[PDB]
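Here is the structure we will look at.
Protein chains in written order, with the authors' numbering: chain A, 953 to 1000; chain B, 27 to 66; chain C, 855 to 903; chain D, 563 to 611.
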């Protein structure tokens, strides 16, 4: 129960924003340029 | 005239499909066992 | 999942059951002696004695 | 509905446009690459798991 619950918490922290405009990587990649989108990626990088 | 709603006033929060899960949301809902107004 | 994998154990449940069956047959047919040296047979009333 | 969501923020199903058809989305398979070797002291043959 603890191992599956920690795995479910690790899955459920992927949908967290951590200050981003969206939590999924492909949407914030696909409508932003890279030199403005690098810090937008990097907040999700350090949170995950 | 006043009466009580039992479990009514629920709907779909985010126009999305979910199956065999339990989802918690924050949205405008009718509270359970509240005083609803009855008119004839 | 996305990046999460679960490795199976090296010992399967049949092999863990065969270890416990070997331990149970060893303790029933020899008492305590199979954990010390060779498994030396003894009647189970004299083992319990 | 148009698309189903998982407990994370990833899709699980989608309504197809131009046909109004429902399709299931599962990710294609992945896994780690484990290499079994006897060591370079014996042979350079390897087996890939």
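C-beta atoms are modelled at their ideal positions from N, C-alpha and C, and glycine is treated no differently.
- For residue 574 (chain D), not one C-beta of chain A is nearer than 8 angstroms to its own C-beta.
- According to the DSSP assignment, residue 30 (chain B) belongs to the beta strand (DSSP E) that extends over 28–30.
- Interface flag for residue 859 (chain C) against chain D is set, since a Cβ pair is found closer than 8 angstroms.
- Residue burial is scored here from C-beta neighbours: residue 875 (chain C) has fewer than 16 other C-beta atoms within 10 angstroms and is therefore classed as exposed.
- When beta bridges are read from the DSSP output, residue 583 (chain D) appears opposite D:578.
- Residues of the region 959–984 of chain A that bring their beta carbon within less than 8 angstroms of a beta carbon in chain C comprise 959, 962, 963, 966, in sequence order.
- Annotation: the continuous beta strand (DSSP E) that includes residue 567 (chain D) extends over 565–567.
- An exposed status is given to residue 27 (chain B), since fewer than 16 other beta-carbon atoms sit within 10 Å of its beta-carbon.
- A residue is called buried once 16 or more other Cβ atoms fall within 10 Å of its Cβ, and residue 54 (chain B), having fewer, is exposed.
- In the structure shown, the three-state DSSP call for residue 955 (chain A) is helix.
- In summary, residue 605 (chain D) is exposed, with fewer than 16 beta-carbon neighbours lying within 10 Å of its beta-carbon over all protein chains present.
- Under the 8 angstroms criterion on CB atoms, residue 47 (chain B) is classed as interfacial with respect to chain D.
- It is roughly 57 angstroms from the alpha-carbon of residue 901 (chain C) to the alpha-carbon of residue 964 (chain A).
- Collapsing the DSSP output to three states places residue 883 (chain C) in a helix.
- Residues of chain D with a Cβ closer than 8 angstroms to the Cβ of residue 44 (chain B) are, in chain order, 566, 567.
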